[PDB]
Structure formats: structure tokens, C-alpha cells
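Chemist: Below you'll find the structure I mean.
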Amino acid sequence: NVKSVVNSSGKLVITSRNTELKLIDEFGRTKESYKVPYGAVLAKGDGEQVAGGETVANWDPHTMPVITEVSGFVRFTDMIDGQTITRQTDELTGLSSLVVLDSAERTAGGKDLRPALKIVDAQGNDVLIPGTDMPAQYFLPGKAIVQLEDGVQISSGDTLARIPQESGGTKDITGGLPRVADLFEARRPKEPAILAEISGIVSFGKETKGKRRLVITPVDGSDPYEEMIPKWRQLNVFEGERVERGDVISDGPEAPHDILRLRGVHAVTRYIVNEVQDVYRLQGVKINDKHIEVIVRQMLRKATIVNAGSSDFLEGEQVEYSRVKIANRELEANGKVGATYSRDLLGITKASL
Amino acid sequence: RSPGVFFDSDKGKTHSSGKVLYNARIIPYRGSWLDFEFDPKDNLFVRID
């Protein structure tokens with residue numbers, strides 16, 4: 001899941017959020033695994049042979065940067081003084097420093113605005129990403145620090161701004177139990193990762209009121225899906241390519257319901273088991289996986305009918321999965337055509353009630 | 001808590017926008033309390049008991 005680019009010095013900078021590095025022996029057996037953060041610098045390439053004890057990647061763990069993909073001139077778009085950003089001036093020279101505000105301290109005038117950095121050329125037109133047909137612009141979230149001036153020429157792979165991140169507290173059992181309860185209650189994350197609902201080619205369409213549109217054209221069959229992705233959302237897709245079900249249109253934390261709906265039961269059970277075990281394995285607790293698997297089984301007990309079929313179930317009712325299975329296996333023995341359903345995921349509190 | 005006037009605020013936990021609301025409370029030794037408060041729309045409001 002590597003998506004990198006070469007900087008001025010000739011090294012390799014990662015532009016992907018889920019890059020995994022692995023060490024493979026000559027037999028082809030993996031032996032070491034690491035995660036590569038966004039904006040990290042790789043000393044070595046992919047597929048090369050290195051010696052034991054050799055540094056391969058470096059990064060700053062305290063700040064998350066934003067790295068440009070195309071060289072050109074930087075300019076501000078929707079950057080309004082004193083209303084959406086706060087600027088300080090180094091009066092000894094012509095330099096200055098800027099901080100992007102958050103939605104907690106901005107007026108209604110800047111409520112609907114969207115500050116960003118735009119990469120243009122010398123001629124003043126918009127520079128597009130090579131290989132695609134989209135403008136080279138980057139949105140700055142709240143509390144970002146920029147060290148550049150308007151019109152400054154920047155090279156590809158250089159950092160345009162830095163985003164500080166908080167430290168945290170102690171990593172003990174009082175800080176993971178909320179995560180375990182979050183997993184077992186199947187809560188929705190604050191901002192999910194948009195996943196492709198159906199497979200096929202992709203293409204964009206109409207744009208309304210600061211909101212994009214995504215139409216996935218299947219290679220054969222219907223063409224129904226018209227997803228209204230928000231404009232502020234960053235996508236990893238472009239018109240013309242093809243995607244499969246469950247692929248990541250936009251990165252972010254996952255939602256267990258989407259995983260269940262798209263990739264199936266085994267995917268969501270594996271995700272839940274791994275996420276829960278990664279909390280206990282930090283504290284030195286050892287627990288088998290049957291115990292979490294039965295809990296996940298108890299969570300997946302409801303099914304919603306999608307077509308009546310030859311059964312007597314209604315169109316949009318929610319019932320027990322076992323009852324649907326019993327009715328369908330009774331109908332299929334008589335030569336009829338049963339009903340079809342969709343599995344549900346419920347929290348333990350809601351499932352028990 | 002001693003009698004007098006105290007200025008406090010909520011740490012953005014009352015509004016999903018994370019906007020802090022400030023209030024001033026006058027608490028006497030004997031009588032009725034008084035409260036001045038700010039709303040998310042920046043409108044001063046009064047409150048008794």
C-alpha cells in the first residue's frame with residue numbers, strides 16, 4: 001500500500017497513509033513488519049537487499065507534515081486575514097508566520113469558507129497532478145503552521161505546512177477499556193473512511209453547493225450508485241480507473257457496519273478480534289480468541305429481509321437469523337424460492353434488549 | 001465555596017462546535033443566586049435561582 005514520490009535530494013517520500021514495510025528472507029518468509037508514517041523518508045528502495053542493522057526510514061514523530069506532489073509557485077486560496085487565520089509579523093524583516101484557526105474560534109463569515117494552498121505555474125494557470133486531470137491544491141486543517149510566503153517557488157516533495165499532534169497520557173489498563181467498550185458497543189467513528197459500495201469503473205459528474213459526486217459504472221448490469229462525497233473530503237480515486245467492493249475511496253478510521261456490509265462476516269470478525277487483542281496484549285494479558293469470537297457471534301444475530309420471496313416475511317422487517325434460515329430451508333425443500341436478507345451488527349447493550 | 005462573584009466557562013463540551021461559553025455567577029451568603037451567561041450565538045442572558 002505504498003504511494004511515494006522522489007524529492008529533490010533523490011530519496012523517496014511516502015504519500016500514502018497505510019504503508020507497510022516487511023522484511024522477507026531468501027526463502028520468501030516474512031520475518032519483520034513495520035508501519036511507515038505519512039511523510040516519512042526512505043533511504044532504500046523497494047525490493048532491495050539490505051544488511052542487518054541498516055537504517056531504512058526516518059521521520060519526525062512530533063509533527064505530521066503536508067508534502068507537495070508537483071513543483072511550482074505556492075499561493076493562498078480562501079485565506080482571509082484575522083477572520084479564518086491568525087498572522088504574526090517578524091518586523092525585523094519581511095518574514096511572517098501564520099496559524100490556521102479552528103471552527104471553534106471563527107466567525108460565521110468564515111464558517112462556510114475553506115482555506116487551502118494552491119500550486120500554480122509561472123504563467124498563473126493551475127498546475128495539475130501529472131497522470132491525472134485535477135488541480136494541485138491542499139486543504140489545511142485547524143491548528144496548522146505554515147512557514148512560507150505568497151508566490152514562493154517550492155519543489156516537489158517539500159513540506160508546505162506542519163500539523164502538530166498531541167502527546168497523550170500513560171498507557172495502562174485505564175486507557176484501553178474505553179476502546180474495548182467502544183469496539184463491543186459497535187460505535188461509529190467520528191469521520192469514517194468512505195468505501196466503494198459497488199465494483200466497476202468510476203467517473204465523476206455534477207457538482208452542487210460545495211459537494212462532489214461519484215458514479216460507479218459496473219462493467220455489466222445496472223449503473224445506480226451516485227454517492228455524494230463531501231467536497232472537503234480527500235479522495236484517492238480519479239475518473240477512468242476501476243475499483244472493487246470494499247476498497248478505500250477515502251482514508252480514515254473504519255466503521256464495523258460498513259466492513260460487515262461489504263467484505264462479509266469473516267472480515268468484521270477478524271477486525272474486531274485484532275482490535276480487541278491489540279489492547280490486552282499491551283498489558284501482558286493472555287486470552288484465547290474463541291472468547292471474543294463467541295461475543296461477535298452473539299452480536300450478529302439479526303437479519304433484515306430485502307425481498308419477500310415465497311416466504312411470509314414482510315419487505316423491511318428485522319428478525320432472527322435462525323428463523324429466516326429455518327423458514328428458507330423449509331421452503332427450499334418444497335421447490336419454491338425463499339427470501340433474501342442482510343446481516344446486521346448490533347451493540348451488546350442493544351442486542352441484549 | 002466562599003460568597004461573592006465567580007467567572008467560569010464550559011470547555012466547549014456543551015456545543016458540538018467546541019465553542020466555549022462563559023458565565024458569571026453571584027452567590028450570596030443568604031438570598032437568591034444570580035447568573036449571567038453567554039449562548040452560542042453571542043447573546044447575553046440572565047438567570048435567577
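In the C-alpha cells, chains take the letters A, B, ... in the order shown, each chain's residues start at 1, and ligands count up from 1 in the order shown.
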Need to verify the contact set: residue A:116, 8 Å, only C-alpha atoms, exclusion of same-chain residues closer than 6 positions in sequence. Can you return it as a list in words?
Modeler: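 So, after excluding close chain neighbours, the residues are residues 76, 77, 78, 79, 137, 138, 139 and 140 of chain A.
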Chemist: Would you mind listing, as number ranges by chain, all residues of chain B that have at least one atom within 8 Å of chain A, where only C-alpha atoms are what counts?
Modeler: B: 17-20
Chemist: Tell me, which residues of chain B carry DSSP strand (DSSP E or B), written as a list in words?
Modeler: residues 4, 5, 6, 7, 8, 9, 10, 21, 22, 23, 24, 25, 26, 27, 34, 35, 36, 37, 45, 46, 47 and 48 of chain B
Chemist: What does the distance between atom CA of residue A:55 and atom CA of residue A:43 come to in Å, to one decimal place?
Modeler: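 Going from atom CA of residue A:55 over to atom CA of residue A:43, I get 7.4 Å.
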Chemist: My list of candidates is A:224, A:58, A:232, A:305. Which is closest to residue A:212 when distances are computed with only C-alpha atoms?
Modeler: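 Checking each of A:224, A:58, A:232, A:305 against residue A:212, counting only C-alpha atoms, the winner is A:232.
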Chemist: I'd like to know which of B:4, B:38, B:49, B:43 is closest to residue B:23, using only C-alpha atoms.
Modeler: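 Between B:4, B:38, B:49, B:43, the residue approaching residue B:23 most closely is B:38.
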Chemist: Going by DSSP on the backbone, which bits of stretch 204-326 of chain A are alpha helix (DSSP H)? Write them as a PyMOL selection string, please.
Modeler: chain A and resi 256-263+265-280+290-299+321-326
Chemist: Would you please work out which residue, of A:272, A:28, A:86, A:107, is nearest to residue B:41 when using only C-alpha atoms?
Modeler: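 Using only C-alpha atoms, the shortest distance to residue B:41 belongs to A:107.
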Chemist: Between atom CA of residue A:40 and atom CA of residue A:10, what is the spacing in Å?
Modeler: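 It comes out at 13.7 Å.
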Chemist: Point out the residue among A:163, A:177, A:95, A:127 with the least atom-to-atom distance to residue A:149, counting only C-alpha atoms.
Modeler: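 Using only C-alpha atoms, the shortest distance to residue A:149 belongs to A:95.
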Chemist: Could you name the residues that touch residue A:204 at 6 Å or less, counting only C-alpha atoms, but leaving out those on the same chain fewer than 4 positions away, as a PDB file with N, CA and C atoms, in the first residue's frame?
Modeler:
ATOM      1  N   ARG A 213     -19.504  14.403  -6.593  1.00  0.00           N
ATOM      2  CA  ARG A 213     -20.388  13.301  -6.936  1.00  0.00           C
ATOM      3  C   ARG A 213     -19.559  12.192  -7.563  1.00  0.00           C
ATOM      4  N   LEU A 214     -19.892  10.948  -7.227  1.00  0.00           N
ATOM      5  CA  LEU A 214     -19.159   9.787  -7.715  1.00  0.00           C
ATOM      6  C   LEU A 214     -20.155   8.778  -8.259  1.00  0.00           C
ATOM      7  N   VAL A 215     -20.004   8.409  -9.529  1.00  0.00           N
ATOM      8  CA  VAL A 215     -20.848   7.410 -10.166  1.00  0.00           C
ATOM      9  C   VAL A 215     -19.959   6.235 -10.542  1.00  0.00           C
TER      10      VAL A 215
END
